[PDB]
Amino acid sequence: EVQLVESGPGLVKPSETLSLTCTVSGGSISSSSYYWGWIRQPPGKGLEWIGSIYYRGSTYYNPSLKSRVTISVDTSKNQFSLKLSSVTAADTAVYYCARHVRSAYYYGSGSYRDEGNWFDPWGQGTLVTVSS
Amino acid sequence: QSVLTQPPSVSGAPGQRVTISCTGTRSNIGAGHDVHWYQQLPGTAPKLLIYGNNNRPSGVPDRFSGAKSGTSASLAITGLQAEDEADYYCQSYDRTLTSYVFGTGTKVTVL
Amino acid sequence: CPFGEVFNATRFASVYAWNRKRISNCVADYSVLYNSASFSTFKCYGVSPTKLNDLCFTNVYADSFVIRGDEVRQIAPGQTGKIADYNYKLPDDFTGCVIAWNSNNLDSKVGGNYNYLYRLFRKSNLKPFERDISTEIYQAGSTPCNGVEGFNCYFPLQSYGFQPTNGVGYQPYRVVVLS
């Protein structure tokens, strides 16, 4: 009942910043403890966590990639945007945005485990190719 | 290390029990923050299959179970059914990387 | 007395900030109210509800708060659960009465009525009848909060989401406890 939609350009030059959108519905990114994240998946490889935001403007990026990753929110339109700086053909991959309902599984320890395990609603995903 | 380690494939014929192992570190599977499992049809949005080591979202057959010990975990699907033709990934939070780290994943075919 | 000021009253306090009133030296008719059939719940523990109005007491305590129907079984003498352990706790030896009625039409609001708050986190349980005074943030997780409600360090519970079109288990109820 939750919907996420990624939008953007298929070809982003290396060493720039890409901004992709992810319009959602069924929840507000203003809801207490809600998160919006980005995850990448290289061809035939595993999932890679990129980032998450917070209705409180708190945000988390992969420590090793923090300086190159940027996430922003727009509560009015219920959208999450993912910006990637200093892109390289190595960053070519499928991008997913995802919704996090409030904190973690609140039931079970009282969510006393940082974030339970994960989120809930995944987007369809967008394929982004990086080449010059 | 940055990936949970699974055997690259696990197989069986329709009705068999197929288990998937999932090797992590102290910081994730060991002394970390619990393991979740996902079931996901290739190229399609994944779906949470197991939460909090051992919870099941509604819709996952009771025949899928998870276990963890030390830095290794496994999922067992006991009686492979036609619905079980998918990819399967494990996942767990790693305190050292402070990242939520996925398993390498397994594709099933009902022989 | 002013039971009508309690029953025909306008505003009800949220469970985190329930309302205590002392009552003495006034004229009350009890079987008119218990038999008024205007409440969804009027259960008396200790005293017999059935016309045991032959008394006049030294003190009367009235604690008012708001819950949902689904949640009424936890608001009871010697009851166990989230609200009692973490929000509002009553002792097992409750010699009193509890009345409650669905006030959906009076405590709901278009777009949702978000006036009722509940305590969701607490290090301990409530030592017979206290209220939402200190509403700080507590580390309810690994490390110091030092500020803005955040990671492993929060407030109590949110609002109740008492939309007027809710199910009864999800509907607002006003509760008045008389000791």
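To match Swiss-Prot, the residue numbers of chain C are left as they are there, and the shown ones run 336-514.
When the header is checked for method, it gives electron microscopy, 4.4 Å.
Cβ from N, Cα, C; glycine included.
What Swiss-Prot records for C:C336-C:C361 (among others) is disulfide bond. The Cβ of C:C361 (disulfide bond) has 10 neighbouring Cβ atoms from other residues within 10 Å, across all protein chains displayed.
In the three-state DSSP assignment, the secondary structure recorded for C:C379 (disulfide bond) is strand. Residues annotated as disulfide bond in Swiss-Prot, with experimental evidence given as evidence: C:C379-C:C432 (among others).
Within its own chain, C:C480 (disulfide bond) has C:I472, C:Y473, C:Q474, C:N487, C:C488 as residues 6 or more apart in sequence whose C-beta sits under 8 angstroms from its own. The disulfide bond feature in Swiss-Prot is assigned to C:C480-C:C488 (among others); the stated evidence is experimental evidence.
Secondary structure at C:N343 (N-linked glycosylation site), as computed by DSSP, is coil. Around the Cβ of C:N343 (N-linked glycosylation site), 9 further Cβ atoms fall within 10 Å across all displayed protein chains. Look at Swiss-Prot and you will find C:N343 tagged as N-linked glycosylation site.
Residues or ranges marked as region 'Receptor-binding motif' by Swiss-Prot: C:437-508.
Per Swiss-Prot, region 'Immunodominant HLA epitope recognized by the CD8+' is recorded for C:448-456, and the stated evidence type is experimental evidence. Residues of the region 'Immunodominant HLA epitope recognized by the CD8+' (C:448-456) grouped by DSSP class, helix first, strand second and coil last, total 0 helix, 2 strand, 7 coil.
Among the features that Swiss-Prot reports, region 'Disordered' is placed at C:455-490.
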### Query
Where DSSP helix means H, G or I and strand means E or B, what are the helix, strand and coil counts for the region 'Receptor-binding motif' (C:437-508)?
7 helix, 11 strand, 54 coil
### Task
Enumerate same-chain residues with a sequence separation of six or more from C:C336 (disulfide bond) and a Cβ-Cβ distance below 8 A; give 'none' if the list is empty.
C:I358, C:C361, C:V362, C:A363
### Summary
C:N343 (N-linked glycosylation site) sits from C:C432 (disulfide bond) (Cα to Cα, rounded, in Å) at a distance of 18
### Message
I want to check the contact list for C:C379 (disulfide bond): same chain, sequence separation of six or more, C-beta distance under 8 angstroms. What comes out?
### Response
C:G431, C:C432, C:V433
### Task
Across all the protein chains here, work out how many other Cβ atoms are within 10 Å of the Cβ of C:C432 (disulfide bond).
19
### Query
What does DSSP assign C:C432 (disulfide bond), in three states?
strand
